[PDB]
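Asker: If you scroll down you'll find the structure; I have some questions about it.
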Amino acid sequence: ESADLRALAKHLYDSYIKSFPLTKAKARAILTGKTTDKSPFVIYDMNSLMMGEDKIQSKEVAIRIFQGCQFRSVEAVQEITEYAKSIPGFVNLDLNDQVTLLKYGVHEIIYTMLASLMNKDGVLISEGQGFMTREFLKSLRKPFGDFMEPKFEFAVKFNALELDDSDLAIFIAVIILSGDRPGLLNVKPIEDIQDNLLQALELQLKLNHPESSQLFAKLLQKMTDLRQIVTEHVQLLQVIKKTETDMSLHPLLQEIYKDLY
Amino acid sequence: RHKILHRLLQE
Ligand SMILES: CCCc1nc2c(C)cc(-c3nc4ccccc4n3C)cc2n1Cc1ccc(-c2ccccc2C(=O)O)cc1
């Protein structure tokens with residue numbers, strides 16, 4: 001029934017609130033001027049970056065930023081793994097399939113949720129403590145200065161769909177249970193969970209956005225634009241890995257990127 | 001092999 005699908009939707013929503021401390025609702029409070037705690041410290045050039053590091057050496061700026069992204073990617077994988085484990089039926093899957101789904105899903109989810117922390121002018125960092133302008137990220141020396149630009153461009157169009165947290169929670173579940181990841185051993189029970197999640201998603205969108213026609217369809221088209229961000233991103237990272245003194249890639253991220261599309 | 005991933009999965 002509709003009701004079983006409502007109940008799945010709510011269950012994913014609560015576990016998303018538990019798993020992810022900075023929700024899209026809070027990011028949007030922060031960014032709009034609403035909320036009544038302090039405005040984020042903004043980082044727009046080298047000097048502001050430096051002063052931001054005492055409010056929020058040895059190495060070059062583009063590399064400091066790179067390595068900061070790694071720290072937050074690592075924690076994001078962790079949060080996403082915990083959310084995955086609350087998706088009904090996920091932990092009954094072959095463990096090797098759980099790993100494959102995370103390995104390919106995590107980046108797609110990361111860039112979906114990054115869009116929550118973004119506007120056309122920059123991005124929240126350190127959990128809403130800071131705001132790092134897009135210009136400044138764009139201004140970094142090659143190849144570092146175009147690392148983020150494709151995330152921003154995706155974010156601006158994705159953000160126009162005006163999804164909320166309750167929507168996003170089912171969307172990210174759907175992405176995680178994609179039956180076409182390379183090397184999956186047993187596709188069937190993954191497509192059966194995903195079938196149920198997609199039905200949950202479609203109900204959710206009709207209920208939550210009754211005025212937004214074909215939002216389900218528009219949102220399916222995004223699950224495959226994400227694919228492109230991911231492949232471009234892996235390509236640019238293979239380049240950095242080749243051309244930069246100390247790759248220094250966190251070993252969680254090395255597990256994820258090894259033998260990846 | 002994916003050692004970290006396996007440990008975060010079973011927990
Ligand atoms: C798929 C596994 C996740 C992952 N691994 C990454 C590595 C190794 C580097 C960079 C990166 N971004 C860069 C941007 C510029 C220069 C170098 C950069 N580098 C190396 C980004 C990475 N991401 C996703 C990501 C993307 C963006 C962010 C992010 C980016 C900017 C600000 C905040 C965040 C964030 O999500 O905290 C966070 C996470």
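Each position is counted from 1, following the chain as shown.
Structure method, as recorded: X-ray crystallography, 2.2 Å.
Using N, Cα and C of the backbone, Cβ positions are placed for all residues, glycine too.
Residues or ranges marked as ubiquitin cross-link by Swiss-Prot: A:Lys18. Residues or ranges marked as rosiglitazone binding site in Swiss-Prot: A:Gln70, A:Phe71, A:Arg72, A:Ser73, A:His107, A:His233, A:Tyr257. Sequence annotations record features per position, and here Swiss-Prot assigns motif '9aaTAD' to A:251-259.
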Asker: Take the Cβ of A:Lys18 (ubiquitin cross-link) and count every other Cβ within 10 Å, whichever protein chain it belongs to.
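Answerer: Around A:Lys18 (ubiquitin cross-link), other Cβ atoms within 10 Å: 12.
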Asker: Considering only the binding-site residues A:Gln70, A:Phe71, A:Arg72, A:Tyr257, which residue has the minimal Cα-Cα separation from A:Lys18 (ubiquitin cross-link)?
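Answerer: Checked the binding-site residues A:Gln70, A:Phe71, A:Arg72, A:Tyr257; minimum Cα distance to A:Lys18 (ubiquitin cross-link) goes to A:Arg72.
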Asker: What is the maximum Cα to Cα distance, in Å and rounded to a whole number, among the residues A:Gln70, A:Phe71, A:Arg72, A:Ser73, A:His107, A:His233, A:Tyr257 annotated as binding rosiglitazone?
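Answerer: Value for the max Cα separation, rounded to a whole number: 17 Å.
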Asker: Comparing the binding-site residues A:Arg72, A:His107, A:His233, which residue's C-beta has the most other C-beta atoms within 10 angstroms in this structure?
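Answerer: Its Cβ has the most other Cβ atoms within 10 Å: A:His107.
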Asker: Given A:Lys18, A:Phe71, A:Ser73, A:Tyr257 as the recorded positions, which ones have a Cβ positioned under 6 Å from some atom of ligand 1?
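Answerer: From A:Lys18, A:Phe71, A:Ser73, A:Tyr257, counting a Cβ under 6 Å from ligand 1 as near, the near ones are A:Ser73.
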Asker: Just counting, how many other CB atoms are there within 10 A of the CB of A:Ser73 (rosiglitazone binding site)?
Answerer: 17
Asker: With 10 residues not built between them, what is the whole-number Cα-Cα distance in Å for A:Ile56 and A:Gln57?
Answerer: 16
Asker: Across all protein chains in the structure, which of the binding-site residues A:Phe71, A:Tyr257 has the highest Cβ count within 10 Å?
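Answerer: Result for the most crowded candidate: A:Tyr257.
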Asker: Within 10 angstroms of the C-beta of A:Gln70 (rosiglitazone binding site), what count of other C-beta atoms is obtained when all protein chains are considered?
Answerer: 15
Asker: Run through the motif '9aaTAD' (A:251-259) and tell me, per DSSP, how many residues are helix, strand and coil.
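Answerer: Per-class counts: 7 helix, 0 strand, 2 coil.
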